[PDB]
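Worksheet: the structure to be examined is printed underneath.
FYI, it's all coordinate maths here, none of it is from the lab. Neighbour counts are summed over all protein chains in view; Cβ atoms, including those assigned to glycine, are modelled from backbone coordinates with ideal geometry.
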Amino acid sequence: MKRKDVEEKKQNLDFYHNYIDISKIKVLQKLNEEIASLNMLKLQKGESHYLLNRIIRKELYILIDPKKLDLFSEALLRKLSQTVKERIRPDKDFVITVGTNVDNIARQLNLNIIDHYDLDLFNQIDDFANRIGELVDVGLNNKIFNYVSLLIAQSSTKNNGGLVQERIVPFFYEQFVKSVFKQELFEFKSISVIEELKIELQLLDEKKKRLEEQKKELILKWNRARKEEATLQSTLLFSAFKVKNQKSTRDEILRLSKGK
Amino acid sequence: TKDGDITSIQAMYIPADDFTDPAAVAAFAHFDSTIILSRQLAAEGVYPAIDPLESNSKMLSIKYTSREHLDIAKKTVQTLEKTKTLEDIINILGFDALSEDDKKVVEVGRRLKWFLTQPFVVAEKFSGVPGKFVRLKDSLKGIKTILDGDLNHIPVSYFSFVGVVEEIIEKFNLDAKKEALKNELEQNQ
Amino acid sequence: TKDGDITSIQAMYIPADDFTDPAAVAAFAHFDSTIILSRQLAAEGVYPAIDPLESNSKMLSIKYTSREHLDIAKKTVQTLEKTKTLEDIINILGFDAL
Amino acid sequence: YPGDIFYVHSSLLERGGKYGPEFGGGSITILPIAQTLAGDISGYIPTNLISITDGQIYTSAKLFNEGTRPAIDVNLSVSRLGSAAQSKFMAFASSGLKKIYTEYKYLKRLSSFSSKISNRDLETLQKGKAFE
Amino acid sequence: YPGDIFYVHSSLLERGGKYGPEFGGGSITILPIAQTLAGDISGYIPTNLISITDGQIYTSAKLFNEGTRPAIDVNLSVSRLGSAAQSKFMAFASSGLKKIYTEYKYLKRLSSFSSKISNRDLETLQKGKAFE
């Protein structure tokens, strides 16, 4: 416990405090890019709707678990459990679960789990969208289900914290309808990413607060320890001086006792 | 002793706010209770500013205090802690990111937090509102009533700075009657 | 004094950069202008390696200097601090992010 | 320091105050000055002196470097007398300004996203800057 | 330590140097060794020995862990003499090595966080890796 180590710790904390601001800048830039792309995707989706219009109850509920497991994710997961227990029936509805948490939730509710995936599939939009489109085409051709919706355990600002959800279906015919489905899925993923980026900005602010609190605690401990050590050293140094002058004190006591 | 009781309430202020100081350690070895005032609570407007989580009392045991009192105290403290955690969640995610159980916990915690405020008789010479002296029975009964969420419909702003719990219901019903009269008179124009 | 001036320029060694050492605290009670040298700035090849942000003088006021000198000094210090702040952004996110 | 360093300063600073008409009728106001090291308020003598006076005006080095003069930190500064030490007109005029200043600092350090609450955001960003 | 612990080392170490032909015409080079505890160079004896000698070669435990042999801290070590203590060919050969090492160390430390580096950054990384 030396001042050098405390200085190293404080310099690390200050470096992290600066880096969090840098990360905030980077995240804001990525958010702006994502919004700019999403506007174009929305316009393309509207145009595709128009061109499809020119060329022209069993529900497959799909649930997606959050990216990580913390307090916010747990609260969102229990809200998702409440919502699924509310608006899903095990007889007239089929559930597609990706990730361990929602799979466990569905298994506990004993819903009709058609198939299970891995969370990493959601990382790349193309493969997940292709597999989901093939599955929904198979189901609609076989008339297994009618409506399609997607649930993600992720807060949304436009819903005052409500989970993100949208019913895509309903809204070379096969190629056009498949492309419309893919565009809808891309839009949903982009909205999810936007909300995630906003949440990440707020988490960065929280991290900065935590860093400052840690620095204050470290200052407190260093001050206490250095005070204790210094006082002990000074007392121990004076001990020798006060020992070496016992005879003078004793003689003074004797001559004062005699006195007059 | 058999002659009487001498009770002592001792104010401690350690310079530099160091509670591992030898003086603080020596004094804490004798304290049977602690009343810790919080600057954050005073900033939020909670008066008195006694922190109900950091403070403690050795009299919350089975050797002295009745079982129902211990249950009420434990439930109140853990509800306050869970409410604080859920409010920390809310401030980032938003209010509607919780289930119904979490929202009920938050509401009960808020009403418990604002029920503990109280006006003082010794401060009514410059505040107008008269003070209160709530007996233990009334405090326990009101806290138990609020704990089960029996007043979750009454707005939280009514709970602040009141004595017994029944005054909340009286004020709420009086405001409801006045609002009903104003609604009936508004339909007559 | 009326007879002349005695100006003093005194070099000090700060052990382990500990500016709260009692010797340093005693010395700052008398210094009228502090010039603080940096080993990083010297290692960058910059000489006389005087740190402009850390150092300060009591004679950089309007009592002794002009308005132009004060404005130039203030603008220089502001520009140096701002570019020091922005260099970290350049290093991390690249010069395009500015 | 010696063992009675607190008594030396307390018996010195306790000679100030306001006295009654039969005992002089005047007053003595004291403004002692204390130096900290790199903001360390928790030093021995500074904490001895804080626990004797009726408040403190804390001067911040960060504000001095930023160019604010006088560099007085309102957050860390106290006056235990409060409005009792102000005239009626001044107490009426300066009522509830510290709260607005702290709110302005809280908003400034935590603006975060560009989303704005209401016109009250402009109200704070106006009155706080006027105070500054 | 006794009151004259600085004197017994300064008087000992000032006996080394280069001498003119009228006073022996030789030279004595001294390489004293000093141990620090957990890198604390703020101890009394290390401070005295740093104040007395013409330069310091620091050995780092972190560099020893990293695999450097010898684990000499270039950023902390100093040699007041400089090219005056070097031959002309050696001085010409090592004109700007310290600056390159400093830049490389800064870049390598920030590499774990940054993502985008310029071509000058790539050449700096190559030169620093070759120097190590």
Inset, instruction - Count, please, the residues in region A:67-113 that happen to be outside any loop (DSSP other than H, G, I, E, B), touching a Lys or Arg at 6+ places or on another chain (Cβ under 8 Å) and either within 11 Å of another protein chain (Cβ to nearest Cβ) or of a type in the set (D, E, K, R) (or both). - result: 2
Inset, instruction - Would you check if there is a residue in region A:47-66 being away from chain E (no Cβ under 14 Å), of a type in the set (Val, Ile, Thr) and surrounded by fewer than 17 Cβ atoms within 10 Å (Cβ to Cβ)? - result: yes
Inset, instruction - Could you tell me which residue of region C:21-31 is farthest from the other protein chains (Cβ to nearest Cβ), considering only residues that are surrounded by 13 or more Cβ atoms within 10 Å (Cβ to Cβ) and in a loop (DSSP other than H, G, I, E, B)? - result: C:31
Inset, instruction - Look at residue C:50 and say whether it is more than 14 Å from chain E (Cβ to nearest Cβ), more than 30 Å from residue A:23 (Cα to Cα) and surrounded by 11 or more Cβ atoms within 10 Å (Cβ to Cβ). - result: yes
Inset, instruction - From C:83, C:65, C:34, grab the single residue that is within 30 Å of residue A:29 (Cα to Cα) and away from chain E (no Cβ under 12 Å). - result: C:83
Inset, instruction - Scan region E:64-81 and give yes if some residue there is under 19 Å from residue C:39 (Cβ atoms) and part of a loop (DSSP other than H, G, I, E, B), otherwise no. - result: yes
Legend entry - Among (1) closer than 21 Å to residue C:79 by Cβ; (2) within 14 Å of chain D (Cβ to nearest Cβ); (3) surrounded by 12 or more Cβ atoms within 10 Å (Cβ to Cβ) - the single one residue C:44 does not satisfy: (2)
Legend entry - Count of region E:74-97 residues which are under 18 Å from residue E:124 (Cβ atoms) and either within 12 Å of chain C (Cβ to nearest Cβ) or surrounded by 12 or more Cβ atoms within 10 Å (Cβ to Cβ) (or both): 5
Inset, instruction - For residue A:35, work out the one condition from (1) more than 30 Å from residue C:97 (Cβ to Cβ); (2) assigned to a helix (DSSP H, G or I) it doesn't fulfil. - result: (1)
Legend entry - Subset of region A:164-175 that is outside any loop (DSSP other than H, G, I, E, B) and surrounded by 10 or more Cβ atoms within 10 Å (Cβ to Cβ) - its residue that is farthest from the other protein chains (Cβ to nearest Cβ): A:169
Legend entry - Residue list for region E:98-120, restricted to those being farther than 17 Å from residue C:93 by Cβ and within 11 Å of chain C (Cβ to nearest Cβ): E:98, E:99, E:100, E:101, E:102, E:103, E:105
Inset, instruction - Would you point out which residue out of D:101, D:58, D:106 is at negative phi and not in a helix (DSSP H, G or I)? - result: D:58
Legend entry - Of all residues in region E:12-44 being in a helix (DSSP H, G or I) and away from every other protein chain (no Cβ under 12 Å), the one that is farthest from residue E:72 (Cα to Cα): E:22
Inset, instruction - Check whether at least one residue in region A:156-163 is more than 14 Å from chain B (Cβ to nearest Cβ), among the small types (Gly, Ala, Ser) and either on the phi > 0 side of the Ramachandran plot or touching a helix residue (DSSP H, G or I) at 6+ places or on another chain (Cβ under 8 Å) (or both), and report yes or no. - result: no
